[PDB]
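Trainee: Here is the sequence, then the experimental structure:
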Amino acid sequence: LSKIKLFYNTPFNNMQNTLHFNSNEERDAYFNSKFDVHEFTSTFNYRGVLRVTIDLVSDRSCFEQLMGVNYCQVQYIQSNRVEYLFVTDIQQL
Amino acid sequence: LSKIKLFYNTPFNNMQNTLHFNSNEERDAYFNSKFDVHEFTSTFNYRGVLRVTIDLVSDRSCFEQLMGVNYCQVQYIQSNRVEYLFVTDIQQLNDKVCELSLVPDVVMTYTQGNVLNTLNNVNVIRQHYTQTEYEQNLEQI
Amino acid sequence: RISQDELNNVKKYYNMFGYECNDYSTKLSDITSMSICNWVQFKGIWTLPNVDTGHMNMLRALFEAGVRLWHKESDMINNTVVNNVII
Amino acid sequence: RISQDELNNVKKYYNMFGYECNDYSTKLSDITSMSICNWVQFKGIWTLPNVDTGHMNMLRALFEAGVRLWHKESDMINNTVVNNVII
Amino acid sequence: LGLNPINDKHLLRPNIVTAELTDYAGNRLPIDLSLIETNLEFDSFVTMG
């Protein structure tokens, strides 16, 4: 029920230093246009703090090693509301 | 899925004093060439903190008593990426298969070479000064 | 002047832990300024290119509490820090 | 006057964390006063229109401990804060 | 002062080294070595006759 971007090597990792845009969809315009190597689609639970499973079928030396990700966008559809989250840890399975 | 060295009587055991090399594979060159009595191959889990089982089939007065190990290298293959960890404790299981707990030496793994100098807009607290910068923060000190 | 011994305790202290800079928002001084070891201690915000966000949370905070970067292994087990110096 | 470096340490400190106001019951000063970043730290009581009450409890308390609102991403990884300024 | 002049300039601070002038008649002058930029030069201001 929701499409997800997974931003790489982001500056936003102090839970207290942020960036600020004159208006929402001007920041969605910002974020929706910078990526390095990954976006997908799934859905996820809630209660912070929460988890989202994800996978990588194309590998040779990847497996986990999506690595540098630390921030992500989610937009729920249909709802089309956007919400950003820090990714705190990537435990592998 | 990974080859492992198990370094003996290492200096690296403060989780906060490290050694520094001009570049990564110059330290892998370093580490890959000093050993005293053990290297092997297995694979291991993760979540720090994590464990890796290991064994010693050749014994008479060994069993656990690999003893002085406190630091280790892992390189995943195929991936060929390297990562170093402190070995925190060696709890034993039976008269030859002892189990190792580990915690990543992030300071050795990632910081190597001329990286941290590239960092901008970081609030520093204490460092050591170049001669130029010394003369500047001198009246201060 | 203070005792020769005490003069070394100070020499050591500085050579060991660097000096106090209250520089918010600044590029790190060189990491190899010194001859024996470099101290390096800094608060956010930074990321290193392509590092497991978990491991970053460690680096970011391991450095908030300082880290001594030795340059030679021999210096780590000899009383050499007294002769730390720039270039 | 104080050392040029020390003058910047102060310049930075202010430019980074704003100034101390003991204004209970007051409208926030503008959020884009500055050129590089705005500091903003405030105790209750407020709600933002149509926000999950849970998420509010976070905002309300995240701001009690202050939040730096940067204006350009470039400014977040360059030593530019020393030149923060009004208009 | 037995200070290495090449990299110990940061040690010219009052709790490591101290300088005082006296005429051995109670006239004194304390000196805070953290304030001489590079040289402890004494000049004078004498009026006579």
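Mentor: Sure thing, it's come through. Residues are numbered from 1 along each chain as shown, chains lettered A, B, ... in the order given.
Trainee: can you give me phi and psi for the closest residue to residue E:36 other than its chain neighbours?
Mentor: When the adjacent residues along the chain are set aside, residue E:36 lies closest to residue E:12, with 7.3 Å between them (CB to CB, 6 or more residues apart in numbering or on different chains). No exception for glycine: its C-beta is placed from N, CA and C like everyone else's. With angles defined as degrees, to the nearest 10, residue E:12 shows backbone torsions of phi -80, psi 70.
Trainee: what's the burial count for residue C:81?
Mentor: 18 (other CB atoms under 10 Å in any protein chain shown).
Trainee: and if you look at residue A:57?
Mentor: When neighbours are counted by other CB under 10 Å, residue A:57 registers 5.
Trainee: returning to what we had before: contact partners for the residue nearest to residue E:36?
Mentor: Residue E:12 is in contact with E:3, E:33, E:34, E:36, counting by CB atoms under 8 Å, 6 or more residues apart in numbering or on different chains.
Trainee: what about stretch C:38-50 and chain E, touching?
Mentor: No - with CB under 8 Å from any CB of the partner chain as the threshold, stretch C:38-50 lies outside contact range of chain E, at a closest distance of 14.5 Å.
Trainee: Enumerate the positions of that stretch that are buried.
Mentor: Of all the residues in stretch C:38-50, those buried under the rule 16 or more other CB atoms under 10 Å in any protein chain shown are C:38, C:39, C:40, C:41, C:42, C:44, C:45, C:46, C:47, C:48.
Trainee: ditto for stretch A:23-35
Mentor: Under 16+ other CB under 10 Å, the buried positions of stretch A:23-35 are A:27, A:31.
Trainee: Which residues does it contact?
Mentor: Outside stretch A:23-35, the residues within contact range by CB under 8 Å, 6+ apart are A:5, A:7, A:8, A:19, A:21, A:73, A:82, A:84.
Trainee: ok, 7 Å please
Mentor: A:5, A:21, A:73, A:82 (CB atoms under 7 Å, 6 or more residues apart in numbering or on different chains).
Trainee: Show me what the last one is bridged to.
Mentor: Judged by DSSP bridges, the bridge partners of residue A:82 are residue A:75.
Trainee: so which residue of chain A comes closest to chain E?
Mentor: residue A:14 (32.7 Å; CB to the nearest CB).
Trainee: I'd say that residue and residue C:46 touch.
Mentor: No - the pair residue A:14 and residue C:46 fails to qualify as a contact (CB atoms under 7 Å) at a distance of 9.6 Å.
Trainee: nearest residue to the residue nearest to the spatial centre of chain A other than its sequence neighbours?
Mentor: If you average the C-alpha coordinates of chain A and look for the closest C-alpha using CA atoms, centre = their mean, you land on residue A:72, 1.7 Å from that point. Closest residue in space to residue A:72, ignoring its immediate chain neighbours: residue A:6 at 4.9 Å, by CB to CB, 6+ apart.
Trainee: Could you double-check that the one you found lies in contact with residue A:36?
Mentor: No - under the criterion of CB under 7 Å, residue A:6 makes no contact with residue A:36, lying 9.6 Å away.
Trainee: Of these two, which one has the most company?
Mentor: When residue A:6 and residue A:36 are compared on other CB under 10 Å, the one with more neighbours turns out to be residue A:6, at 20 against 12.
Trainee: residues touching that one, list them.
Mentor: When contacts are counted by CB under 7 Å, 6+ apart, residue A:6 is found next to A:38, A:39, A:69, A:72.
Trainee: now do 8 Å
Mentor: Residue A:6 makes contacts with A:38, A:39, A:40, A:54, A:66, A:69, A:72, A:87, as judged by CB under 8 Å, 6+ apart.
Trainee: do the same with residue E:42
Mentor: If you count contacts by CB under 8 Å, 6+ apart, residue E:42 has them with residue E:21.
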